[PDB]
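S.K.: Here you go, one structure.
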Amino acid sequence: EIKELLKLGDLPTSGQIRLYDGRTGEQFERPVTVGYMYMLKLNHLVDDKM
Amino acid sequence: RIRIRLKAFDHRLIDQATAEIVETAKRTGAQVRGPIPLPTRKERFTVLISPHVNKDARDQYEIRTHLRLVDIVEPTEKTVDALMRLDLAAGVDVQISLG
Amino acid sequence: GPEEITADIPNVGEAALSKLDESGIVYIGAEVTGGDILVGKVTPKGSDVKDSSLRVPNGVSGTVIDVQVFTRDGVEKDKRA
Amino acid sequence: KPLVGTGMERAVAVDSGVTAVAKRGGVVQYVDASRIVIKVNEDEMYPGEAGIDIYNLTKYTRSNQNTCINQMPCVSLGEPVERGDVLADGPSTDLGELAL
Amino acid sequence: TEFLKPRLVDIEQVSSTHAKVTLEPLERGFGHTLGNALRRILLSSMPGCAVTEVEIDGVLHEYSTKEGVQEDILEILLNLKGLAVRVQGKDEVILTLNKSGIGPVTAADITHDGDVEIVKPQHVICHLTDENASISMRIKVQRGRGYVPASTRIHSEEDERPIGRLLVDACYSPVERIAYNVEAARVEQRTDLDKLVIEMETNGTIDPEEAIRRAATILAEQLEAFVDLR
Amino acid sequence: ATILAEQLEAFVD
Amino acid sequence: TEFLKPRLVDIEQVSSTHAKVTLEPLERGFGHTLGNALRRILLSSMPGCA
Amino acid sequence: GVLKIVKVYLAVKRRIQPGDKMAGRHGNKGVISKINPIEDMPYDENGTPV
Amino acid sequence: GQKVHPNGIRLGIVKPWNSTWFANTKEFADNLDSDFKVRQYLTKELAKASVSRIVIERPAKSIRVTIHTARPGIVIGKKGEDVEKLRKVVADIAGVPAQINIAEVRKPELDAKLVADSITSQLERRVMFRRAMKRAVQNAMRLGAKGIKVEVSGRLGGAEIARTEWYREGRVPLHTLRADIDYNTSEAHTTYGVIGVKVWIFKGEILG
């Protein structure tokens with residue numbers, strides 16, 4: 001169902017897109033995984049520890 | 001044609017204003033006449049500087065009112081209206097007059 | 001004697017009376033950082049004055065969003081109370 | 001709003017009392033700068049005590065961990081709401097879901 | 001030395017914001033070099049105007065709330081940080097927004113001057129609900145590049161400003177997305193040439209040929225240190 | 001460097 | 001809107017066929033632009049005979 | 001008892017910086033190391049940076 | 001009455017004007033009067049607040065005041081409570097829409113007027129004038145004034161025979177037009193009479 005939903009959107013089925021590099025402008029070999037992860041900011045902030 | 005009479009005490013300020021006005025004109029319309037400098041009014045004043053008496057004791061002040069005559073030859077739709085929202089810097093009395 | 005809530009902060013110069021009113025205490029809002037003064041709160045006899053005036057801790061910034069005061073029945077100057 | 005959730009975000013965001021869940025359904029008057037004002041539909045409305053529900057939004061204040069608990073209205077003016085529906089999104093909530 | 005030179009041959013506008021541009025003809029291998037260099041420069045170093053200081057009347061700090069509106073004041077500052085302005089003559093202007101009555105406050109309600117152009121007449125800012133409510137904010141629009149934030153601009157500002165002016169972060173760069181492609185050029189006698197299809201996505205305020213010209217001048221004046229001195 | 005500058009010499013100010 | 005021009009500070013000539021052009025300072029994310037552009041041109045475009 | 005009772009409520013706005021701690025929902029802890037520019041990011045062929 | 005006023009001689013060059021508007025001979029006097037009024041009011045109000053310079057600027061039938069003060073917090077009070085109050089009264093005084101801005105004065109020891117005011121205050125609360133003068137001079141020097149002079153005059157220490165005393169430190173060139181000489185004056189209304197305080201503060205020379 002993840003693959004079938006990735007086929008409803010026009011995305012590649014493997015979940016992996018070829019990505020170029022912003023520094024050199026040239027392709028990363030062996031396509032990498034891009035997606036959306038729900039990332040959280042925990043309350044261990046660095047200018048309360050320094 | 002829109003004649004524009006800029007009047008101010010500070011000359012630099014007046015100049016700045018004039019330039020701004022020209023810019024405003026030139027983007028919207030076409031063939032801005034130009035910033036023509038008229039004669040400056042040097043309204044002088046003498047006063048006695050002593051509280052009581054000393055008549056040869058005097059200060060001579062003056063107010064230099066500068067004039068800038070900007071004219072706009074073709075008033076378009078876009079151009080004339082542009083000045084409504086485009087207020088100029090303070091201490092510069094402008095005086096637009098079409099025809 | 002008792003301690004006092006006045007802007008007339010000592011030794012320290014025209015770097016005390018700033019984010020406050022003429023009668024003392026931080027004047028609300030502002031871009032306060034570290035080493036500022038929020039509530040002028042210093043006593044005489046404690047040429048023998050000192051600086052207990054609660055200031056802003058080292059390293060923090062911020063905006064004074066709220067000031068609460070249910071103080072010793074008297075906090076007022078001649079009239080804000 | 002977590003794109004990949006489990007659907008238990010709704011129950012946690014309602015059942016923890018950080019959102020202003022509507023007590024009696026109906027429409028809205030929405031003064032809201034200070035309080036959500038909800039006009040009540042007649043079936044849920046008592047015969048005496050004519051009555052419209054005025055919800056207090058808790059704006060920027062201190063939590064126990066120095067974070068900021070803040071409620072924001074997620075309903076517009078003149079919009080139907082039902083009993084048990086949410087009206088104001090608390091901290092870490094997005095339209096009644098749970099957005100950590 | 002049998003090299004050539006490229007020109008901007010066809011500049012198509014797909015919309016007012018998203019717009020491609022060709023480059024023709026490029027030499028063999030130069031396509032990815034110029035494309036990546038123009039990408040890095042066109043994403044880092046373009047000048048665009050943005051909102052810097054917002055001044056609302058009857059306000060204490062940005063974390064308060066106001067009479068008659070939907071969005072709170074932090075929401076208003078975020079929706080103003082997204083604004084897209086295009087001034088022509090000056091480099092620092094002050095706009096005015098005044099509106100009363102029930103209904104949303106678009107960006108088209110700002111009482112414009114002559115040399116400022118607000119290119120998004122459906123940008124929403126507020127949702128005025130009370131008919132007795134009013135809002136009168138005075139925005140200040142500077143012009144720069146990069147990203148300069150409120151913390152660094154807390155002491156950097158020299159002109160002693162009065163207290164009550166909310167400081168909004170400055171997102172100055174009007175370029176948001178840029179992609180280049182190295183196709184095969186259709187040259188009638190050469191097969192070893194290529195074209196560069198730069199696909200920009202702007203803020204609506206920048207003109208793409210002007211942006212490409214400025215990025216090219218930036219690259220040439222940076223390389224003059226290699227050219228002249230050693 | 002002068003190869004790249006003469007390559008970009010067309011559309012500058 | 002004014003950019004930082006550098007000074008070429010060093011040519012540490014190790015041998016007659018060796019160099020190290022220390023070069024400072026550039027805008028943030030411009031060293032990679034100049035370096036990658038020069039590297040690709042010097043690799044695959046510089047004229048000569050063999 | 002207590003005489004002068006003045007409570008002042010500051011509100012710092014902390015952004016994100018090299019040294020904070022982020023995490024997903026699966027146990028993937030992390031201390032955010034470099035805050036890159038937009039250009040140096042790995043962009044796919046559509047143009048969007050990651 | 002030997003000396004020329006240091007502000008007045010430099011208005012065309014290094015010093016700017018306070019009232020900054022244009023008006024024809026018709027409305028000029030009235031405008032001046034209004035300015036005088038508003039300024040007077042402001043002085044009366046913000047005495048306890050350390051206020052240096054009120055700058056009036058009226059474009060398009062609307063008055064823009066700019067108050068330069070050392071402590072904005074006491075002039076502003078709670079965020080937009082005191083300022084707002086001030087505004088309506090200003091408007092009333094003028095008879096036009098008012099707008100108050102408040103500039104924060106960095107280094108009130110280097111602002112001459114403020115210093116003068118402080119000195120006056122000190123005099124009023126019965127300190128040794130000389131010690132006050134010294135303090136004024138010293139502080140300015142510490143802060144980074146290229147030079148400072150202060151002068152106090154008349155009934156010093158309640159003495160029957162009035163005299164003037166003055167302390168200079170650093171360099172205070174008055175004949176040099178391009179010198180930024182912040183001059184200002186004040187008056188201590190003591191029990192024995194008035195004590196006039198002048199103070200010159202030389203920030204540095206402007207090159208143009």
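Residue numbering restarts at 1 for every chain of the structure tokens, chains are lettered A, B, ... in their displayed order, and ligands are numbered from 1 as they appear.
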Got a sec to tell me which of chain A DSSP assigns to alpha helix (DSSP H), as an mmCIF file with N, CA, C and O atoms, in the first residue's frame?

M.R.:
data_model
loop_
_atom_site.group_PDB
_atom_site.id
_atom_site.type_symbol
_atom_site.label_atom_id
_atom_site.label_comp_id
_atom_site.auth_asym_id
_atom_site.auth_seq_id
_atom_site.Cartn_x
_atom_site.Cartn_y
_atom_site.Cartn_z
ATOM 1 N N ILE A 2 2.026 1.237 0.613
ATOM 2 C CA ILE A 2 2.972 2.339 0.486
ATOM 3 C C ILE A 2 3.426 2.491 -0.953
ATOM 4 O O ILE A 2 3.482 3.607 -1.482
ATOM 5 N N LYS A 3 3.726 1.375 -1.622
ATOM 6 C CA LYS A 3 4.126 1.437 -3.026
ATOM 7 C C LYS A 3 2.980 1.919 -3.909
ATOM 8 O O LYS A 3 3.194 2.704 -4.841
ATOM 9 N N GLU A 4 1.758 1.487 -3.608
ATOM 10 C CA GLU A 4 0.595 1.857 -4.410
ATOM 11 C C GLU A 4 0.224 3.320 -4.211
ATOM 12 O O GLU A 4 -0.218 3.988 -5.149
ATOM 13 N N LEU A 5 0.410 3.835 -2.999
ATOM 14 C CA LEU A 5 0.211 5.253 -2.727
ATOM 15 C C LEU A 5 1.303 6.106 -3.348
ATOM 16 O O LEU A 5 1.030 7.209 -3.821
ATOM 17 N N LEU A 6 2.541 5.608 -3.378
ATOM 18 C CA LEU A 6 3.607 6.252 -4.130
ATOM 19 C C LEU A 6 3.406 6.162 -5.631
ATOM 20 O O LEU A 6 4.103 6.865 -6.362
ATOM 21 N N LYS A 7 2.536 5.283 -6.110
ATOM 22 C CA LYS A 7 2.191 5.285 -7.524
ATOM 23 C C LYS A 7 1.024 6.216 -7.829
ATOM 24 O O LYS A 7 0.911 6.694 -8.962
ATOM 25 N N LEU A 8 0.164 6.511 -6.848
ATOM 26 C CA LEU A 8 -0.883 7.515 -7.038
ATOM 27 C C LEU A 8 -0.294 8.907 -7.182
ATOM 28 O O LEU A 8 -0.616 9.632 -8.128
#

S.K.: Specify as a list in words all residues of chain H found within 10 Å of chain G, counting only C-alpha atoms.

M.R.: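 Written out as asked, the residues are residues 36, 37, 39 and 40 of chain H.
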
S.K.: I want to know what sits within 10 Å of segment 13-28 of chain C, based on only C-alpha atoms, with residues of the same chain fewer than 2 positions away left out; could you give that as an mmCIF file with N, CA, C and O atoms, in the first residue's frame?

M.R.:
data_model
loop_
_atom_site.group_PDB
_atom_site.id
_atom_site.type_symbol
_atom_site.label_atom_id
_atom_site.label_comp_id
_atom_site.auth_asym_id
_atom_site.auth_seq_id
_atom_site.Cartn_x
_atom_site.Cartn_y
_atom_site.Cartn_z
ATOM 1 N N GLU C 4 14.441 48.845 49.691
ATOM 2 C CA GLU C 4 13.628 49.792 48.885
ATOM 3 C C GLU C 4 13.759 49.705 47.351
ATOM 4 O O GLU C 4 14.893 49.691 46.831
ATOM 5 N N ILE C 5 12.593 49.647 46.695
ATOM 6 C CA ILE C 5 12.183 49.790 45.475
ATOM 7 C C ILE C 5 12.267 51.110 44.842
ATOM 8 O O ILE C 5 11.232 51.760 44.628
ATOM 9 N N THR C 6 13.469 51.673 44.623
ATOM 10 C CA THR C 6 13.621 53.002 43.966
ATOM 11 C C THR C 6 14.635 52.902 42.823
ATOM 12 O O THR C 6 15.571 52.084 42.936
ATOM 13 N N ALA C 7 14.456 53.703 41.763
ATOM 14 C CA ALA C 7 15.346 53.763 40.581
ATOM 15 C C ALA C 7 16.674 54.401 40.998
ATOM 16 O O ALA C 7 17.723 54.030 40.432
ATOM 17 N N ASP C 8 16.616 55.330 41.959
ATOM 18 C CA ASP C 8 17.791 56.049 42.520
ATOM 19 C C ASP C 8 18.766 55.011 43.091
ATOM 20 O O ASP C 8 18.696 54.751 44.309
ATOM 21 N N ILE C 9 19.255 54.253 42.097
ATOM 22 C CA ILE C 9 20.257 53.162 42.127
ATOM 23 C C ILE C 9 21.610 53.845 42.317
ATOM 24 O O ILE C 9 21.865 54.856 41.628
ATOM 25 N N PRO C 10 22.479 53.351 43.215
ATOM 26 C CA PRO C 10 23.751 54.028 43.532
ATOM 27 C C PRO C 10 25.062 53.589 42.882
ATOM 28 O O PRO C 10 25.022 52.505 42.344
ATOM 29 N N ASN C 11 26.180 54.318 43.048
ATOM 30 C CA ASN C 11 27.533 54.000 42.483
ATOM 31 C C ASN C 11 27.364 53.847 40.962
ATOM 32 O O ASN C 11 27.814 54.760 40.241
ATOM 33 N N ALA C 30 10.121 45.782 26.020
ATOM 34 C CA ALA C 30 11.589 46.005 25.868
ATOM 35 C C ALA C 30 12.390 44.767 25.421
ATOM 36 O O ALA C 30 11.960 43.611 25.620
ATOM 37 N N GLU C 31 13.584 45.022 24.880
ATOM 38 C CA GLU C 31 14.533 43.988 24.383
ATOM 39 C C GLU C 31 15.661 43.824 25.410
ATOM 40 O O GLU C 31 16.830 44.065 25.057
ATOM 41 N N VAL C 32 15.293 43.422 26.628
ATOM 42 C CA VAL C 32 16.214 43.222 27.786
ATOM 43 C C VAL C 32 17.088 41.995 27.523
ATOM 44 O O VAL C 32 16.587 41.029 26.912
ATOM 45 N N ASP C 36 21.046 43.637 32.628
ATOM 46 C CA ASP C 36 20.123 44.757 32.727
ATOM 47 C C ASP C 36 19.556 44.857 34.136
ATOM 48 O O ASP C 36 19.887 44.067 35.021
ATOM 49 N N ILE C 37 18.697 45.841 34.350
ATOM 50 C CA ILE C 37 18.035 46.047 35.632
ATOM 51 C C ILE C 37 16.533 45.970 35.390
ATOM 52 O O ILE C 37 16.020 46.623 34.480
ATOM 53 N N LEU C 38 15.842 45.152 36.183
ATOM 54 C CA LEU C 38 14.398 45.008 36.075
ATOM 55 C C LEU C 38 13.651 45.681 37.213
ATOM 56 O O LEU C 38 12.750 46.484 36.975
ATOM 57 N N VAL C 39 14.037 45.389 38.459
ATOM 58 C CA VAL C 39 13.367 45.963 39.663
ATOM 59 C C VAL C 39 14.393 46.551 40.643
ATOM 60 O O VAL C 39 14.926 45.762 41.449
ATOM 61 N N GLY C 40 14.686 47.858 40.545
ATOM 62 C CA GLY C 40 15.512 48.596 41.524
ATOM 63 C C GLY C 40 15.043 48.189 42.905
ATOM 64 O O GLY C 40 13.990 48.603 43.161
ATOM 65 N N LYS C 41 15.776 47.439 43.740
ATOM 66 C CA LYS C 41 15.363 46.912 45.071
ATOM 67 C C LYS C 41 16.581 46.829 46.002
ATOM 68 O O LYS C 41 17.073 45.713 46.243
ATOM 69 N N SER C 53 19.204 44.918 43.692
ATOM 70 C CA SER C 53 18.239 45.137 42.582
ATOM 71 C C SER C 53 18.228 43.918 41.651
ATOM 72 O O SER C 53 19.197 43.748 40.886
ATOM 73 N N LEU C 54 17.176 43.088 41.720
ATOM 74 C CA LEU C 54 17.070 41.907 40.884
ATOM 75 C C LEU C 54 17.283 42.271 39.409
ATOM 76 O O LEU C 54 16.493 43.014 38.827
ATOM 77 N N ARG C 55 18.345 41.743 38.816
ATOM 78 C CA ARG C 55 18.700 42.032 37.399
ATOM 79 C C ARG C 55 18.354 40.812 36.535
ATOM 80 O O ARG C 55 17.717 39.878 37.058
ATOM 81 N N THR C 63 11.636 39.610 26.309
ATOM 82 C CA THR C 63 10.672 40.689 26.362
ATOM 83 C C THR C 63 9.864 40.516 27.633
ATOM 84 O O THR C 63 9.355 39.425 27.896
ATOM 85 N N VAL C 64 9.767 41.576 28.436
ATOM 86 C CA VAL C 64 8.962 41.543 29.649
ATOM 87 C C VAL C 64 7.500 41.457 29.236
ATOM 88 O O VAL C 64 6.935 42.439 28.749
ATOM 89 N N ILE C 65 6.880 40.293 29.396
ATOM 90 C CA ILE C 65 5.507 40.153 28.937
ATOM 91 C C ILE C 65 4.507 40.524 30.014
ATOM 92 O O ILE C 65 3.379 40.909 29.687
ATOM 93 N N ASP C 66 4.882 40.448 31.282
ATOM 94 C CA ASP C 66 3.908 40.673 32.334
ATOM 95 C C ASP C 66 4.650 41.007 33.613
ATOM 96 O O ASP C 66 5.725 40.470 33.870
ATOM 97 N N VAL C 67 4.079 41.911 34.397
ATOM 98 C CA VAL C 67 4.628 42.315 35.685
ATOM 99 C C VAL C 67 3.493 42.210 36.691
ATOM 100 O O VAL C 67 2.491 42.924 36.573
ATOM 101 N N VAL C 75 3.159 49.987 47.944
ATOM 102 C CA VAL C 75 3.802 50.141 46.602
ATOM 103 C C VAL C 75 2.893 51.015 45.727
ATOM 104 O O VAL C 75 1.730 50.621 45.516
ATOM 105 N N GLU C 76 3.370 52.226 45.333
ATOM 106 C CA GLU C 76 2.520 53.294 44.712
ATOM 107 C C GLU C 76 3.177 54.586 44.179
ATOM 108 O O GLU C 76 2.468 55.173 43.324
ATOM 109 N N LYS C 77 4.303 55.081 44.735
ATOM 110 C CA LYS C 77 4.942 56.386 44.393
ATOM 111 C C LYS C 77 3.924 57.396 44.947
ATOM 112 O O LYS C 77 3.607 57.230 46.142
ATOM 113 N N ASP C 78 3.400 58.389 44.215
ATOM 114 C CA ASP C 78 2.326 59.233 44.766
ATOM 115 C C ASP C 78 1.008 58.668 44.234
ATOM 116 O O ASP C 78 -0.013 58.928 44.910
ATOM 117 N N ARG C 80 0.631 55.515 41.002
ATOM 118 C CA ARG C 80 0.211 54.490 40.011
ATOM 119 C C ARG C 80 -0.747 53.473 40.650
ATOM 120 O O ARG C 80 -1.728 53.098 39.980
ATOM 121 N N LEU E 60 2.196 46.758 22.958
ATOM 122 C CA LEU E 60 3.291 46.788 23.970
ATOM 123 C C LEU E 60 4.462 45.915 23.492
ATOM 124 O O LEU E 60 5.586 46.450 23.394
ATOM 125 N N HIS E 61 4.212 44.634 23.196
ATOM 126 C CA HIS E 61 5.201 43.638 22.687
ATOM 127 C C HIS E 61 4.528 42.769 21.613
ATOM 128 O O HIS E 61 3.306 42.929 21.410
ATOM 129 N N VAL H 6 7.499 41.447 43.642
ATOM 130 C CA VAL H 6 7.445 41.877 42.212
ATOM 131 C C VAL H 6 7.846 40.704 41.311
ATOM 132 O O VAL H 6 9.040 40.346 41.346
ATOM 133 N N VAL H 8 8.363 39.296 37.480
ATOM 134 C CA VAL H 8 8.566 39.788 36.126
ATOM 135 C C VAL H 8 8.692 38.592 35.206
ATOM 136 O O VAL H 8 9.471 37.677 35.490
ATOM 137 N N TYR H 9 7.933 38.581 34.117
ATOM 138 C CA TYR H 9 7.879 37.426 33.229
ATOM 139 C C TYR H 9 8.593 37.750 31.927
ATOM 140 O O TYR H 9 8.035 38.406 31.052
ATOM 141 N N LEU H 10 9.826 37.280 31.784
ATOM 142 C CA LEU H 10 10.517 37.386 30.514
ATOM 143 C C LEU H 10 10.029 36.311 29.558
ATOM 144 O O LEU H 10 9.445 35.310 29.965
ATOM 145 N N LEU I 46 7.943 65.853 31.351
ATOM 146 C CA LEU I 46 9.062 64.930 31.379
ATOM 147 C C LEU I 46 10.279 65.625 32.003
ATOM 148 O O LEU I 46 11.354 65.699 31.402
ATOM 149 N N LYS I 48 11.207 64.728 35.319
ATOM 150 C CA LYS I 48 11.788 63.571 36.007
ATOM 151 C C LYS I 48 12.452 62.607 35.026
ATOM 152 O O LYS I 48 13.477 62.000 35.348
ATOM 153 N N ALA I 49 11.870 62.470 33.834
ATOM 154 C CA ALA I 49 12.521 61.766 32.735
ATOM 155 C C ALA I 49 13.615 62.657 32.157
ATOM 156 O O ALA I 49 13.387 63.840 31.918
ATOM 157 N N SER I 50 14.795 62.085 31.942
ATOM 158 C CA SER I 50 15.945 62.841 31.447
ATOM 159 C C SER I 50 15.816 63.080 29.944
ATOM 160 O O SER I 50 16.172 62.218 29.146
ATOM 161 N N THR I 69 15.502 61.224 24.717
ATOM 162 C CA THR I 69 15.561 61.040 26.168
ATOM 163 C C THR I 69 16.522 59.899 26.541
ATOM 164 O O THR I 69 16.675 58.932 25.789
ATOM 165 N N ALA I 70 17.164 60.035 27.701
ATOM 166 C CA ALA I 70 18.123 59.052 28.204
ATOM 167 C C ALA I 70 17.446 57.757 28.649
ATOM 168 O O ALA I 70 17.972 56.668 28.400
ATOM 169 N N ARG I 71 16.296 57.888 29.311
ATOM 170 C CA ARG I 71 15.500 56.734 29.738
ATOM 171 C C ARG I 71 14.104 56.787 29.106
ATOM 172 O O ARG I 71 13.221 57.479 29.618
ATOM 173 N N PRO I 72 13.909 56.080 27.974
ATOM 174 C CA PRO I 72 12.586 55.928 27.361
ATOM 175 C C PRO I 72 11.549 55.261 28.264
ATOM 176 O O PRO I 72 10.381 55.633 28.221
ATOM 177 N N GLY I 73 11.984 54.282 29.062
ATOM 178 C CA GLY I 73 11.101 53.520 29.945
ATOM 179 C C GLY I 73 10.151 54.340 30.798
ATOM 180 O O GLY I 73 8.977 53.991 30.923
ATOM 181 N N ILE I 74 10.634 55.460 31.340
ATOM 182 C CA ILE I 74 9.817 56.355 32.216
ATOM 183 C C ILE I 74 8.937 57.264 31.341
ATOM 184 O O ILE I 74 7.845 57.640 31.821
ATOM 185 N N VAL I 75 9.371 57.617 30.124
ATOM 186 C CA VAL I 75 8.579 58.431 29.186
ATOM 187 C C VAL I 75 7.480 57.588 28.530
ATOM 188 O O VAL I 75 6.361 58.061 28.347
ATOM 189 N N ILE I 76 7.822 56.351 28.171
ATOM 190 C CA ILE I 76 6.872 55.400 27.595
ATOM 191 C C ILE I 76 5.970 54.785 28.672
ATOM 192 O O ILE I 76 4.791 54.529 28.414
ATOM 193 N N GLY I 77 6.516 54.550 29.866
ATOM 194 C CA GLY I 77 5.791 53.875 30.942
ATOM 195 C C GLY I 77 5.522 52.427 30.574
ATOM 196 O O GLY I 77 6.449 51.690 30.227
ATOM 197 N N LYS I 78 4.254 52.025 30.650
ATOM 198 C CA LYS I 78 3.804 50.749 30.079
ATOM 199 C C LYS I 78 3.660 50.924 28.569
ATOM 200 O O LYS I 78 3.281 51.999 28.099
ATOM 201 N N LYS I 79 3.958 49.860 27.819
ATOM 202 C CA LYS I 79 4.092 49.930 26.352
ATOM 203 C C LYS I 79 2.906 50.595 25.637
ATOM 204 O O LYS I 79 1.860 49.976 25.433
ATOM 205 N N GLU I 104 16.231 57.038 21.906
ATOM 206 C CA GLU I 104 16.957 56.660 23.117
ATOM 207 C C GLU I 104 18.361 57.253 23.062
ATOM 208 O O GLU I 104 19.121 56.972 22.129
ATOM 209 N N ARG I 106 21.965 57.383 23.832
ATOM 210 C CA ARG I 106 23.114 56.588 24.256
ATOM 211 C C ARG I 106 24.128 57.540 24.897
ATOM 212 O O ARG I 106 24.430 58.590 24.322
ATOM 213 N N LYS I 107 24.630 57.172 26.078
ATOM 214 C CA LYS I 107 25.624 57.967 26.815
ATOM 215 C C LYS I 107 25.070 59.339 27.233
ATOM 216 O O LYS I 107 25.381 60.352 26.602
ATOM 217 N N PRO I 108 24.241 59.375 28.298
ATOM 218 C CA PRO I 108 23.723 60.649 28.819
ATOM 219 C C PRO I 108 24.758 61.548 29.516
ATOM 220 O O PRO I 108 24.463 62.714 29.794
ATOM 221 N N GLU I 109 25.939 61.008 29.815
ATOM 222 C CA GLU I 109 27.052 61.794 30.359
ATOM 223 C C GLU I 109 27.702 62.664 29.277
ATOM 224 O O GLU I 109 28.255 63.716 29.595
ATOM 225 N N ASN I 139 33.177 62.479 34.330
ATOM 226 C CA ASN I 139 32.310 61.439 33.774
ATOM 227 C C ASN I 139 32.358 61.466 32.252
ATOM 228 O O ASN I 139 32.505 60.426 31.589
#

S.K.: Taking 5 positions as the minimum chain separation for residues in the same chain, which residues sit within 12 Å of residue 168 of chain E when counting only C-alpha atoms? Answer as a VMD selection string.

M.R.: chain E and resid 50 to 55 62 73 to 83 139 to 142 147 to 154

S.K.: Write down, as a PyMOL selection string, each residue of chain H that has any atom within 8 Å of an atom of chain A, counting only C-alpha atoms.

M.R.: chain H and resi 17+19-25+39-45+50

S.K.: The selected residues should be written to file as a compact mmCIF listing (two decimals), in the first residue's frame (atoms: N, CA, C and O atoms).

M.R.:
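Final file, part.txt:
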# COMPACT_ATOMS: atom_id res chain seq x y z
N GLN H 17 20.16 25.96 16.65
CA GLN H 17 21.56 26.33 16.55
C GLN H 17 22.39 25.07 16.63
O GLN H 17 21.88 24.02 17.02
N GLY H 19 24.17 22.43 18.18
CA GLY H 19 24.24 21.96 19.55
C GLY H 19 22.92 21.57 20.17
O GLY H 19 22.93 20.88 21.20
N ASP H 20 21.78 21.95 19.59
CA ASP H 20 20.49 21.53 20.13
C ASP H 20 20.27 20.05 19.90
O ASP H 20 21.06 19.37 19.25
N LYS H 21 19.18 19.51 20.44
CA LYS H 21 18.88 18.09 20.26
C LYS H 21 17.55 17.94 19.57
O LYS H 21 16.53 18.39 20.08
N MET H 22 17.55 17.28 18.42
CA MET H 22 16.32 16.88 17.76
C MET H 22 16.21 15.37 17.73
O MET H 22 17.20 14.66 17.90
N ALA H 23 14.99 14.89 17.48
CA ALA H 23 14.75 13.45 17.44
C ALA H 23 13.45 13.17 16.72
O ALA H 23 12.52 13.96 16.81
N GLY H 24 13.37 12.03 16.05
CA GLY H 24 12.11 11.57 15.51
C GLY H 24 11.29 10.85 16.55
O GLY H 24 11.49 11.01 17.76
N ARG H 25 10.34 10.05 16.09
CA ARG H 25 9.51 9.28 17.00
C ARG H 25 10.00 7.86 17.23
O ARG H 25 9.36 7.12 17.96
N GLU H 39 22.09 26.46 -0.44
CA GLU H 39 22.68 26.08 -1.71
C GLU H 39 23.39 24.74 -1.59
O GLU H 39 23.29 23.90 -2.49
N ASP H 40 24.08 24.51 -0.48
CA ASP H 40 24.91 23.33 -0.31
C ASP H 40 24.10 22.07 -0.02
O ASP H 40 24.68 20.99 0.11
N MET H 41 22.79 22.18 0.09
CA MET H 41 21.95 21.03 0.36
C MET H 41 21.84 20.11 -0.84
O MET H 41 21.95 20.55 -1.98
N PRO H 42 21.62 18.83 -0.61
CA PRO H 42 21.36 17.91 -1.71
C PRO H 42 20.01 18.10 -2.36
O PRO H 42 19.00 17.67 -1.80
N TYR H 43 19.96 18.70 -3.54
CA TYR H 43 18.70 18.93 -4.24
C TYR H 43 18.44 17.82 -5.24
O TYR H 43 19.35 17.35 -5.91
N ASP H 44 17.18 17.39 -5.34
CA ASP H 44 16.82 16.44 -6.37
C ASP H 44 16.66 17.17 -7.70
O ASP H 44 16.79 18.39 -7.78
N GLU H 45 16.33 16.43 -8.76
CA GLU H 45 16.31 17.02 -10.09
C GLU H 45 15.15 17.98 -10.30
O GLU H 45 15.16 18.73 -11.27
N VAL H 50 16.74 19.30 0.06
CA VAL H 50 16.26 18.49 1.16
C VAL H 50 16.50 19.31 2.41
O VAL H 50 17.36 20.19 2.43

S.K.: Tell me which protein, DNA and RNA residues are within 8 Å of residue 14 of chain D, counting only C-alpha atoms, leaving out same-chain ones fewer than 6 positions away, and put them as a PyMOL selection string.

M.R.: chain D and resi 21+86+96

S.K.: Residues of chain E no more than 8 Å from chain H, counting only C-alpha atoms: send them over as a PyMOL selection string.

M.R.: chain E and resi 39-40+43-44+177-179

S.K.: Excluding residue 12 of chain G and its own-chain neighbours fewer than 3 positions away, which residues fall within 7 Å of it when counting only C-alpha atoms? Please give them as a ChimeraX atom specification.

M.R.: /G:19-21

S.K.: With 12 Å as the limit and counting only C-alpha atoms, what residues in chain C lie close to chain A? Please list them as a ChimeraX atom specification.

M.R.: /C:57-61

S.K.: What would the file look like if the residues just selected were written as a compact mmCIF listing (two decimals), in the first residue's frame with C-alpha atoms?

M.R.:
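Result went into part.txt, see below:
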# COMPACT_ATOMS: atom_id res chain seq x y z
CA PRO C 57 20.57 36.51 34.53
CA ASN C 58 23.70 36.09 32.48
CA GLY C 59 23.13 34.94 28.92
CA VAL C 60 19.37 35.44 28.54
CA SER C 61 17.44 38.01 26.52

S.K.: List every residue of chain I that DSSP, applied to the backbone, labels as strand (DSSP E), and write the result as a ChimeraX atom specification.

M.R.: /I:51-57,63-69,98-104,147-153,164-170,179-189,194-205

S.K.: What are the residues of chain F that have an atom within 10 Å of an atom of chain G, counting only C-alpha atoms, as JSON, numbers by chain?

M.R.: {"F": [1, 3, 4]}
